[PDB]
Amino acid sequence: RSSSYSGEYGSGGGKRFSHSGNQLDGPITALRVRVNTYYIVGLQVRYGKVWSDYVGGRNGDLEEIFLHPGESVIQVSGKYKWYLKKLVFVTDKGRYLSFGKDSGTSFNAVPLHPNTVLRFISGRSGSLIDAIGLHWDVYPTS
């Protein structure tokens, strides 16, 4: 009853992906974002102890952030122009995790219902991240 969805932010190219099935592996516990000179290139998210299937390209440097136990994302903002250019993940331990460059159209995603967190992502990808959507729900008890 508490789930919500923000998106889809970006353009309509590439191939759809969704981490809806990965929810069963656990809460989000880590993020990988690949970034090149121009764009957000790729994404991988750890659900419990299991990484999602990587989406995006091979170009660029990877950044890997491990969330603390019980830390979740409660806001995702960013920018896109043709493809995703910037992503900012804000956590409920007060951390701001920023990736990419400030150029393009801005978006800001927050959960519709209070006391919910980022449970999974979806979007579109190819050699880059074309679009992103954020799926919010209660933090998992089991």
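Here the rigid core means the biggest group of C-alpha atoms that line up within 1.5 Å when the two forms are laid on top of each other. One-based numbering along the sequence shown.
- In 7 other deposited structures of this protein, superposed on the rigid core, the segment with the larger root-mean-square CA displacement between 39-47 and 111-119 is 111-119.
- Set 98-106 against 82-90 and average the Cα temperature factors; 98-106 ends up higher.
- Checked against the record, the higher mean CA B factor of 25-33 and 60-68 lies with 60-68.
- The deposited CA B-factor of residue 115 belongs to the highest third of values across its chain.
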